[PDB]
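Only one chain comes next, encoded as structure tokens, the form deposited without ligand 4SX.
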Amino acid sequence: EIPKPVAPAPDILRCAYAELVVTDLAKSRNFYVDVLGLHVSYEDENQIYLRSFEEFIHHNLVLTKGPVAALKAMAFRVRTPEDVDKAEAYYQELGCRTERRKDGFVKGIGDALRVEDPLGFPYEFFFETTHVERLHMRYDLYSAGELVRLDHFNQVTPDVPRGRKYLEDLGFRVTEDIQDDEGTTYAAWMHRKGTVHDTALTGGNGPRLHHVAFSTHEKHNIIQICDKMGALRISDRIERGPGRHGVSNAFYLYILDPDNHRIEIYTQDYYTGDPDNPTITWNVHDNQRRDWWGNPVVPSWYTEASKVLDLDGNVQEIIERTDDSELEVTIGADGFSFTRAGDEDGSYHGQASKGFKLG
């Protein structure tokens, strides 16, 4: 198990940015700028820095040219400069590796601490950042598919309760989760900023990064992203969706960048900011839980996910889930799901919903 430090948690505001390593910077640029319409804060031969429509800090996304596509850092902003010190001491007491830089690891951040956390993810903590033009009323730039906010991260890790417990101590609150009747946990959603989440744990072989998620204003904006990809004839890059989530109640779409990093597009979850906000527990065999319309979850969503780096730039060793697999118990050959609890009509045995089995 992971222990609670005596030293006090840093105060975390929100998820703020991610640094992804990409192999071909021109090819990733066409996708994140031309196709999806993020806005360039700064760029050179080695890096592109990008922000959503309504953001005032330097970037929400850094693309870094490198040899192996992988997550380099997930960054959280914290409330005061002094909370960075607090991060340092707190992870020092957990016995984790930490690396601090008073001018930052990337353009347009200042005093920053990166760490290998006890599940093996590169986490960054900062306050200082260069403010840029907030574009939020720049409706002369607005695209039909506009991405307005960075909303959350999603991490793959093989023991969900162990990760859950370490993130409650750091101050995150659980909003929803997926279990069975016999006490296995399959995923958990957890928050700092009063949306459904800032990061989430998906049971699975890790450490790996499942996705990063940007927000739209309205549901038609997500539809337009699917339409555009059809017109550019890259509909093979739409992995899953669009649809409505059970868990989180948000409208969604999952797409894939040229290195197969997964991006979610996401809108219209609910408010969680009150400390007794009711938690929601779904049964794993509930076919309405991940997609409310009962559409099947494509196998790659469970199996594929992005590698993560240590502080030296080497890939983290993968540790295998031993608990039950969500893929296996729902859509595999000995799996099942239901539409109405306890009813064999609109139940599925050994296959996915709507007439499909696994290819």
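Start at 1 with the first residue shown and count on from there.
If you look for the form solved in complex with ligand 4SX, you will not find it shown, but the lines that follow are about it.
The candidate spot formed by 264, 290 and 301 lies fully in contact with ligand 4SX in the bound PDB entry, as each residue has a heavy atom within 4.5 Å of it. Contact with ligand 4SX in the bound PDB entry, judged by any heavy atom within 4.5 Å, is made by just one of 254, 166, 123, 172: 254. Residue 247 is the only one of 247, 71, 150, 112 with a heavy atom lying within 4.5 Å of ligand 4SX in the bound PDB entry. The shortest heavy atom separation between residue 285 and ligand 4SX in the bound PDB entry exceeds 4.5 Å.
In the bound PDB entry, residue 189 approaches ligand 4SX with a heavy atom inside 4.5 Å. Residue contact check for residue 240: one or more of its heavy atoms lie within 4.5 Å of ligand 4SX in the bound PDB entry. Comment: 264-272 is the region of 102-110, 264-272, 124-132, 157-165 lying near ligand 4SX in the bound PDB entry, near meaning a non-hydrogen atom within 4.5 Å. Residues of 191-223 that come within 4.5 Å of ligand 4SX in the bound PDB entry, judged by any heavy atom, are 197, 211 in sequence order.
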